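Below is one structure, written out as structure tokens; comments come after it.
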Amino acid sequence: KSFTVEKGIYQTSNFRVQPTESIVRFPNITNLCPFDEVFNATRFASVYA
Amino acid sequence: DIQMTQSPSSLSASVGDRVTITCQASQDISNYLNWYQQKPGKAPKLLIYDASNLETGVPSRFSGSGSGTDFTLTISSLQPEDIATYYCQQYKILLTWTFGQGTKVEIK
Ligand SMILES: *[C@@H]1O[C@H](CO)[C@@H](O)[C@H](O)[C@H]1NC(C)=O
Ligand SMILES: *[C@@H]1O[C@H](CO)[C@@H](O)[C@H](O)[C@H]1NC(C)=O
């Protein structure tokens, strides 16, 4: 924060290396999921059961 | 998908006899069945609308029972005024509906 620097040593900041690629991994299950059987079903059960 | 089967395809009997019929399914469907009768003509008719519950306005010569995937219908005393077509159908999805195949009856 000045226009003049005295003789010596100084410490300013830090450095970090950057990545270059993106990787994702998931299991290979490919079955359609049965949400249909419950949401639009015909008759629902009773509260006490 | 849901698929039915009926058995046997046809049978014949005489008056005053017990008759039976079987309807089978590929997976349990929890007693949501019914049967339809349709004589040669125009209008199919509702006969039994549950596992063992019958529609009003029909005499008491009919019975039937079942659960899981095993379902049987029967008539205790055949009468000559019974020559028609029969079917079993099911329902568990809001719309995925299908009838069976067909059962034939003939008199002696
Ligand atoms: C799919 O995942 C299974 C799980 O072990 C694995 O054995 C298989 O090699 C993977 N790939 C294919 C094409 O099945
Ligand atoms: C249930 O049935 C309705 C019929 O209109 C459909 O729009 C809906 O997507 C179905 N539910 C599921 C989870 O598929």
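Please note: Cβ atoms are built from the backbone with ideal geometry, for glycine as well, and neighbour counts cover all protein chains shown. None of the figures in this text is laboratory data; all of them are computed from the coordinates on show.
Worth a mention:
- Average 1/r across all pairs of distinct alpha carbons in region B:65-108, invert it, and you get the Kirkwood radius: 13.1 Å.
- Dividing the convex hull volume of the alpha carbon atoms of chain A by its residue count gives 371 Å³ per residue.
- Under-25-angstrom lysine pairs by C-alpha in chain B, whenever the two are 8 or more apart or on separate chains: 6
- Total charge dipole magnitude, the protein assembly as shown, about the Cα centre, Cβ charges on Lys, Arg, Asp, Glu only, Debye to nearest 20: 440 debye
- Shape analysis of chain B based on the Cα gyration tensor places the equivalent ellipsoid semi-axes at 23, 14, 14 Å, largest first.
- Relative protection proxy for A:23-29, B:12-18, from highest mean packing down: B:12-18, A:23-29 (other beta-carbon atoms within 10 angstrom).
- Net charge dipole size for region B:1-94 [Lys, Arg +1 and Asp, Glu -1 on Cβ; Debye, nearest 20]: 240 debye
- Considering only B:93, B:41, A:10, and ranking their Cα positions along the charge dipole of the protein assembly as shown that arises from unit charges at the beta-carbon of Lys, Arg, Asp and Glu, the one farthest toward the positive end is A:10.
- Charge sum, other residues only, whose C-beta stays under 11 Å from residue B:34's C-beta, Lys/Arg counted +1 and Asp/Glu -1: -2
- Highest-first arrangement of A:38-44, B:43-49, B:76-82, where packing means the average Cβ count within 10 Å: B:43-49, B:76-82, A:38-44
- Radius, Kirkwood style, for the protein assembly as shown when every pair of distinct Cα atoms is counted (Å): 20.9 Å
- A Förster distance of 22 Å, applied to the separation of the beta-carbon atoms of residue B:85 and residue B:55, puts the FRET efficiency at 0.80.
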